[PDB]
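Take a look at this single chain in structure tokens; it is the form deposited in one PDB entry.
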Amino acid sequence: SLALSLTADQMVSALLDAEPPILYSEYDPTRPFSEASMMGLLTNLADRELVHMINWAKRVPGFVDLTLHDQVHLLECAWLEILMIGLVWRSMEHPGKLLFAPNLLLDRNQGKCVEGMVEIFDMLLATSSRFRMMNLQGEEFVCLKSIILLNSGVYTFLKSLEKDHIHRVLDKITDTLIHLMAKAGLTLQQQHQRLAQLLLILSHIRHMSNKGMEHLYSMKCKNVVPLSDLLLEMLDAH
């Protein structure tokens, strides 16, 4: 596979080029929020972003080397984590706010519109502030987002656990993160310390995803919003 042959510079370039666009909400900015309409806006946005995510994933070096069945599992596992890390990245320069879309920038008080959502907002905001205090770089962000894609469902390939290829690609992204930090002038010690700091945030992103999934399921089970067939299938996977 050419992915394992890529240099670190080439891996980063590949990742950066695969980046999906920043989509807009269909928020009608002169009409009032309800729990239902806010949930509608957020899930409508997620649905459109999902199409772009699928096409992004195909461009993550080594992903199309995987079987189609494995590709499905990884995306089913990680989709909300991936949406969330994107959100937290977008929201970095907006302290106290979540930039779901350029035309949908919400504070925690607006989060209270939807029952159970403010707790999730608070976790996202805390992650964004952590990214901000760490001065997360875009090149680091794309590595982290790819790690989530490859890692989150890699230990549920069962009923004995099976995938060396995925792990080799993950190892390559580790090499790339270290390369990035070395090139940025971090000392050898700072390199391993920052590597751990960034990977530990992925534990928090998993937590948020788990909580968000239970939240979304709750909204669907209360008939608050109709979810797209895609979103229903992605949600059903959990």
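Residues that one form lacks are left out of the comparison. Numbering starts at 1 and follows the sequence shown. By rigid core we mean the largest C-alpha set that fits within 1.5 Å across both forms.
Keep in mind that the form deposited in another entry is not shown, yet the notes after this line are about it.
Visitor: If I align on the rigid core, exactly one of 69, 58, 31, 183 should have its C-alpha move by 2 Å or more between this form and the one not shown; which residue is that?
Guide: Per the superposition, the moving residue is 31.
Visitor: Once you line up the core, how about residue 22: does its CA shift reach 2 Å between this form and the one not shown?
Guide: No.
Visitor: Look at residue 218 and decide if its Cα position differs by 2 Å or more between this form and the one not shown after superposing on the rigid core.
Guide: Indeed, residue 218 is displaced by 2 Å or more.
Visitor: Taking the shown form as the reference, report whether the CA atoms of residue 49 and residue 222 lie closer or farther apart in the other form; the distance changes by 3 angstroms or more.
Guide: Compared with the shown chain, residue 49-residue 222 is closer in the other form.
Visitor: Kindly indicate if, in the other form, the C-alpha atoms of residue 32 and residue 112 are closer or farther apart than in the structure shown, bearing in mind the change is 3 Å or more.
Guide: Compared with the form shown here, the C-alpha atoms of residue 32 and residue 112 sit closer together in the other form, by 3 Å or more.
Visitor: Upon rigid-core superposition, which contiguous segments of at least three residues exhibit Cα shifts of 2 angstroms or more between this form and the one not shown?
Guide: Shifted segments: 30-33, 218-222.
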